[PDB]
2 protein chains.
Amino acid sequence: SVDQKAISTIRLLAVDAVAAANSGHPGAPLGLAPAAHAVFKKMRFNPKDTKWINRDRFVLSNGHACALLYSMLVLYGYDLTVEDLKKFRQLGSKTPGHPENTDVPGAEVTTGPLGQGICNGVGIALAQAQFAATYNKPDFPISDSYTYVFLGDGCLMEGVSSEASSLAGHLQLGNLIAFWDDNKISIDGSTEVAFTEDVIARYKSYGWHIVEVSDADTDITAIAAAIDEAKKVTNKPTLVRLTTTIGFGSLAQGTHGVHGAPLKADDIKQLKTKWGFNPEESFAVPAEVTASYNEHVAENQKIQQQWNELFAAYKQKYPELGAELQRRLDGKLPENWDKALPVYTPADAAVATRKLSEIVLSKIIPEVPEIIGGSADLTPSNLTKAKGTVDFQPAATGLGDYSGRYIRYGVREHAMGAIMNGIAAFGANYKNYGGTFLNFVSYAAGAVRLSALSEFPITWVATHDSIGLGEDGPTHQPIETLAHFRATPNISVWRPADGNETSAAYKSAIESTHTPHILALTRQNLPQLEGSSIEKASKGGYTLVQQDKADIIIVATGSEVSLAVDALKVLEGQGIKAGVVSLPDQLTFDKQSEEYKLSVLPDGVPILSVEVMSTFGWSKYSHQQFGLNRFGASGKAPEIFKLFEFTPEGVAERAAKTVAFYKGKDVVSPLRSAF
Amino acid sequence: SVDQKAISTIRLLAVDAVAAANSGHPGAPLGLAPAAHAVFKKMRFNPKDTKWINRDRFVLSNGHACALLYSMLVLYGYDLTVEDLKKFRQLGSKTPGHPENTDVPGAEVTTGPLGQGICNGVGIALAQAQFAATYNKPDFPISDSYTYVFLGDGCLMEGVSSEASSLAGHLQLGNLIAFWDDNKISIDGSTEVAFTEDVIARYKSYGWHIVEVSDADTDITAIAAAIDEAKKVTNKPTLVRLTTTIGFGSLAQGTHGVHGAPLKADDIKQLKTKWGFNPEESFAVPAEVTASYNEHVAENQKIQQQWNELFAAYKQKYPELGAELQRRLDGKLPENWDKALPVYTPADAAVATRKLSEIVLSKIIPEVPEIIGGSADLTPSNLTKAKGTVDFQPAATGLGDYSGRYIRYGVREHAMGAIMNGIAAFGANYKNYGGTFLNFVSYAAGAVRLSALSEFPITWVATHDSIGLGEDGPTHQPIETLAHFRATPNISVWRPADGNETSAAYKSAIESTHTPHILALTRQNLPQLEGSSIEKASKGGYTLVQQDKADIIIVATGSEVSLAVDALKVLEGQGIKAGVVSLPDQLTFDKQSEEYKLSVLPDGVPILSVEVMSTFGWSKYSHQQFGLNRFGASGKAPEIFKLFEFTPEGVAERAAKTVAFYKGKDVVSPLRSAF
Ligand SMILES: Cc1ncc(C[n+]2csc(CCOP(=O)(O)OP(=O)(O)O)c2C)c(N)n1
Ligand SMILES: Cc1ncc(C[n+]2csc(CCOP(=O)(O)OP(=O)(O)O)c2C)c(N)n1
Ligand SMILES: O=C[C@H](O)[C@H](O)COP(=O)(O)O
Ligand SMILES: O=C[C@H](O)[C@H](O)COP(=O)(O)O
Ligand SMILES: [Ca+2]
Ligand SMILES: [Ca+2]
């Protein structure tokens with residue numbers, strides 16, 4: 001049959017791609033080709049419009065199996081060809097060794113780090129439910145799409161998937177349909193050596209529906225039926241157990257050796273001959289397969305055409321919601337949304353930047369419907385919920401509704417991070433956020449790094465940023481955390497000092513389209529600064545206090561900017577004139593013009609940095625660095641600052657020593673370099 | 001009864017401690033006091049010998065509840081007093097806001113970051129099983145202790161606990177007994193908002209035994225019986241469901257408000273009066289409670305005394321094993337163990353540092369019985385198993401035995417990290433290790449940071465360190481990872497260049513008693529260096545190529561040292577004389593004398609760093625930095641190096657530019673500072 005020929009085509013494209021590269025993973029592609037064929041036949045998608053908002057989404061969580069995904073995309077006529085498959089795993093190709101959403105048409109997210117993709121699927125499904133609840137009306141199913149995820153044993157072992165699966169079950173996400181590749185083989189061999197849990201019983205305990213397909217090497221009828229069954233269960237995510245043979249068809253099927261290395265040439269020949277292909281030929285695409293797949297594309301394109309007419313009719317019947325939806329699909333924020341950002345003066349009261357963040361969210365959430373977010377069980381500590389708003393919950397619970405805007409993530413930082421990536425991946429201009437303590441953003445590093453690589457505009461509301469949190473002590477107090485994330489490409493790490501800087505940080509975070517944000521916020525109160533503004537702070541770094549005859553410039557962030565200003569006054573009594581620079585986001589600053597940056601950090605003057613955590617990175621901006629390179633302490637916060645000499649006098653002492661150290665030396669800006 | 005009085009005493013000590021600090025968490029201590037009383041009555045321990053190797057261990061995974069732990073330790077006459085309780089959460093006290101094993105007698109591990117403690121308990125239990133299998137003989141139960149863990153809803157939400165619980169069930173760890181504080185309250189309120197899974201069904205799916213105690217606010221008889229029941233189930237870890245009221249007794253019992261803030265003064269008065277205490281008194285310790293607890297201590301001390309005689313008899317009957325055990329309990333490695341470390345010359349073949357690591361392990365595992373370790377499903381990629389050795393598995397599986405030395409962690413990096421901490425915490429000189437790709441050590445950051453804070457000598461065998469891994473691409477290639485961990489206090493981050501440096505890295509890792517190690521190792525082959533030795537590399541940084549008339553010194557690590565040596569030759573053709581420094585561990589280097597360090601990085605010469613990942617930190621050691629501050633690429637590794645100009649010519653170009661940039665300038669060592 002043509003379906004059998006399609007499955008063989010997929011299998012052999014994947015094996016031939018791995019063969020050409022002499023690198024990659026043929027086993028799971030061989031085992032999952034029947035399921036991929038069946039799923040893609042059920043999916044609604046347009047290869048010529050990868051952003052159709054009502055498409056079904058597919059996520060390959062076992063991203064090492066990407067030769068399978070690329071083969072599907074090629075066969076369906078995405079902007080990916082057999083010539084691209086021939087360049088699998090080659091420098092600069094459109095077929096990298098793990099799927100990259102920035103590079104690969106039809107890759108919704110970036111996978112390869114195990115466990116992430118299923119969580120991303122939870123986020124795509126969460127977004128779809130929220131979106132549908134916001135826009136659908138009687139006779140107007142604007143959003144009714146499904147989220148299909150493939151995953152393997154490795155993903156099921158990674159704790160992040162447990163977090164997301166518990167939450168997805170709680171949230172009754174009935175449009176999520178995941179498929180477990182139950183092949184009992186991982187890199188170390190049989191799953192009997194390390195993974196003997198009853199997976200199905202665990203997924204039932206989360207509130208998932210289960211369908212089991214005992215012969216997923218051949219039984220595409222049962223796979224299709226499992227999808228139909230899953231669609232009938234509207235209040236539970238479904239896990240479909242696909243019992244497969246890893247490397248199905250290979251001489252080495254059912255072994256760890258077929259997981260992650262190219263097949264032998266003779267093995268590939270016998271695959272071809274028993275499936276009716278020419279063993280002398282590679283990258284074969286039978287025209288009957290193309291025809292069958294093209295029929296499904298043409299039908300899907302008619303579905304999208306009808307959706308476009310539905311959307312036009314929606315705009316007539318619901319003019320306000322229709323214009324809102326159009327604006328979001330155009331990727332535009334509301335006109336002048338930023339006029340809602342709070343502005344402060346030096347006459348205003350001291351406020352913790354966590355509370356300033358609450359106030360910003362309170363003002364902008366009503367103005368910008370595409371903002372949703374939550375906290376990892378720290379809502380009253382992070383201050384991440386706007387008063388009055390409704391939680392995102394299934395209405396059946398009585399605790400919220402899917403139209404809600406506030407997500408109770410529970411104590412699940414890593415899954416929160418990966419779910420945020422999925423919400424961003426959904427599209428429709430979602431600007432989504434997640435709160436925890438800064439020190440516990442580190443629990444989610446696997447996902448945060450992928451936010452950066454995937455270019456998703458997600459935001460971490462990361463409170464309790466330093467020893468300023470006080471008594472909870474060194475297990476809670478960041479030291480390395482900002483250095484870690486600043487050292488990651490493409491992360492904006494805002495550490496606002498005051499009200500105006502906090503508004504600038506949110507302006508950046510919400511306007512972002514390609515850069516994740518971490519907002520490092522205080523537990524403790526900070527004063528409003530003389531010289532701050534949204535305008536200046538939007539530059540990432542700016543001159544807060546200009547001193548034309550400066551003996552030293554102090555560059556600082558966050559809570560240490562006020563400290564620097566107080567130190568300036570101590571220094572004045574010692575006959576030393578200081579300027580102050582505030583550097584709320586190093587990435588944004590770095591992106592400014594060379595001349596702007598040199599206006600902030602000029603030649604001819606020593607520069608001291610002050611920030612109460614690691615000194616790593618700070619030599620980009622300073623000659624000397626006053627930081628905290630040891631763990632913290634459990635005590636009242638002001639006492640901890642005093643212990644470590646983060647006081648006006650302690651800063652002044654180090655500033656005076658810096659001036660003395662450079663006496664008789666020629667000093668050029670830290671921004672200068674040899675290459 | 002005295003038991004009722006003891007429970008009230010515990011409850012009121014905890015509440016009074018929180019009250020004195022005006023900070024901390026009274027709710028879980030109130031709810032868990034009956035269970036704590038019951039468990040500690042069953043436990044064997046000596047308050048005057050916290051290191052008795054056959055003690056039962058207790059771990060408070062819900063570490064915010066530490067006022068409870070501190071109250072138990074005080075009541076039992078550990079080196080912690082009521083005066084210390086009065087200083088709860090005060091700077092410098094022995095009663096920090098979360099328990100610290102370095103600071104608190106009787107705190108086995110450091111908790112506070114949720115999820116960690118249960119995993120640490122899995123590691124303590126794993127170590128106990130391995131230790132017992134290694135040493136016990138007929139009539140010689142040298143090791144027969146239990147591991148008791150308290151945990152809450154937060155720990156159960158964190159994915160790391162799922163990983164460890166799946167693995168513990170697989171490993172049939174019957175001496176692990178965990179207690180879930182089933183109080184249905186977290187920081188965001190009811191667990192109904194985010195955590196509605198069937199926890200008990202999930203734990204059954206992992207292969208745990210379950211006991212449910214429906215009235216754990218009062219029923220200490222049932223808690224004691226649950227422990228007895230758990231002890232009879234020798235092939236399954238047990239979860240005891242303790243249904244409690246958070247804040248039991250408080251006016252505000254059963255609410256999130258009692259989780260994490262001090263009680264009102266009037267609430268504390270009514271607690272005291274209804275439990276028969278004086279509402280005008282704080283920190284009361286009824287002498288009858290002290291007497292009852294002292295009886296149990298005296299009995300436990302007689303048990304330890306008998307154990308000491310058993311150990312003496314063991315040494316007579318089993319002289320070799322007895323001497324081995326004594327040496328380990330003394331904290332000493334085998335005499336001259338390091339003579340087993342492989343040594344190389346420049347005439348030897350190029351070898352990847354992952355393979356050099358395999359060879360080291362092959363030589364030292366037979367010589368040092370206290371080395372055990374594993375991989376997170378990357379055994380044939382990390383090369384972490386010595387040929388011939390047996391896996392740590394329950395013998396019932398046929399896949400290993402508890403005397404085994406190699407752990408199949410599965411795809412569970414975070415739990416592996418926390419389990420390693422527990423194995424270290426067990427004691428007996430365990431030197432344990434865990435393999436994964438360097439980029440996925442980041443999945444385990446929560447635990448790695450705790451290795452550093454807890455001062456545990458654990459080792460990560462972190463292969464595939466850079467773009468040198470090639471085709472798996474940017475989702476696998478570290479950029480930020482070394483900067484992150486080097487910026488964390490107390491982490492030795494070895495990046496050995498060759499065979500001799502790899503042996504030095506292991507010498508450091510195995511000799512360590514207070515510093516965790518990460519060994520960043522290559523996929524790709526590297527040459528043996530002219531000038532390397534174990535002796536010199538043991539200094540952390542050393543002069544590889546001395547040049548008395550140097551125009552520049554190039555400092556490099558790992559794969560980039562050979563690159564620097566090749567660049568030296570290119571530079572010689574351009575009329576530029578270079579020296580080369582190898583810096584295999586920045587922490588070890590930093591600990592050397594000022595004069596040694598200045599001999600390596602002298603004044604009067606420009607210094608360029610070269611390392612194919614973030615430049616953060618490198619200004620400690622260099623004037624200019626050549627690094628990789630963007631994500632990688634999917635292609636053949638040599639092509640990626642060429643793309644980013646990590647070639648002899650590219651390094652030479654930047655070295656020449658560095659020399660030119662400093663022409664006419666006075667240059668002092670990067671090691672100099674103003675303060
Ligand atoms: C977070 C993370 N850890 C480790 C790896 C390395 N790795 C790649 S695939 C794999 C496991 C393979 O098992 P499974 O997911 O069952 O794939 P299959 O054997 O079915 O191909 C591992 C450990 C990774 N990609 N991501
Ligand atoms: C990794 C991590 N994330 C977040 C927190 C902040 N936090 C402290 S306690 C807690 C949850 C409280 O719930 P539970 O563990 O059930 O404690 P109980 O309410 O019973 O006191 C949270 C989210 C933390 N300590 N560690
Ligand atoms: O899963 C992917 C590969 O099998 C895995 O990353 C191992 O890579 P290696 O070929 O470097 O061992
Ligand atoms: O669990 C501990 C505390 O309740 C938690 O860390 C919140 O701290 P906060 O008092 O800063 O909100
Ligand atoms: Ca598998
Ligand atoms: Ca709880």
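Hydrogens, waters and symmetry mates play no part in the numbers below; they use all other heavy atoms, side chains included. In what follows, chains are A, B, ... by sequence order, proteins preceding strands, each numbered from 1.
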Nearest-0.5 Å distance that lies between atom [atom1] in [X] and atom [atom2] in [Y]:
X        : Y        : atom1 : atom2 : value
B/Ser166 : B/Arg412 : OG    : CZ    : 4.0 Å
B/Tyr135 : B/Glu324 : OH    : CD    : 3.5 Å
B/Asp391 : B/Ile407 : CG    : CD1   : 9.5 Å
B/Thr234 : B/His209 : OG1   : NE2   : 11.5 Å
B/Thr238 : B/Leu173 : OG1   : CG    : 11.0 Å
B/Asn101 : B/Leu453 : CG    : CG    : 7.5 Å

[Y] side chain reached by [X] side chain, heavy atoms, under 4.5 Å:
X        : Y        : result
B/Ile118 : B/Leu156 : no
B/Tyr506 : B/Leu361 : yes
B/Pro237 : B/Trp208 : yes

| request: Give the C-alpha distance, both sets of side-chain angles, the deciding distance and a yes or no for side chain to side chain donor-acceptor pair (under 3.5 Å) between A/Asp153 and A/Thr191. | output: CA-CA 8 Å; A/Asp153 301 314; A/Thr191 52; 5.1 Å; no
| request: Evaluate the ring planes of B/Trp494 and B/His517, with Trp represented by its six-membered ring, and classify them as parallel (under 30°), tilted (30 to 60°) or perpendicular (over 60°). | output: parallel
Ring center gap for [X] and [Y] short of 6.0 angstrom:
X        : Y        : result
B/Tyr148 : B/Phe58  : no
B/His476 : B/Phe440 : yes
B/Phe392 : B/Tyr402 : yes

| request: Given side chain to side chain donor-acceptor pair (under 3.5 Å), test A/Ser205 with B/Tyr203 step by step and report yes or no. | output: CA-CA 9 Å; A/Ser205 82; B/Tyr203 271 75; over 6 Å; no
| task | Report yes or no: does B/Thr488 contribute a side-chain atom to a donor-acceptor pair with the main-chain N or O of B/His484 at less than 3.5 Å? | result | yes
| query | Could B/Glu367 and B/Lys363 be called an ion pair, given the rule that one side-chain N must be under 4.0 Å from one carboxylate O? | reply | no
| task | Decide if atom NZ of B/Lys231 counts as having more than 12 heavy atoms of other residues, nucleotides or ligands within a radius under 6.0 Å. | result | yes
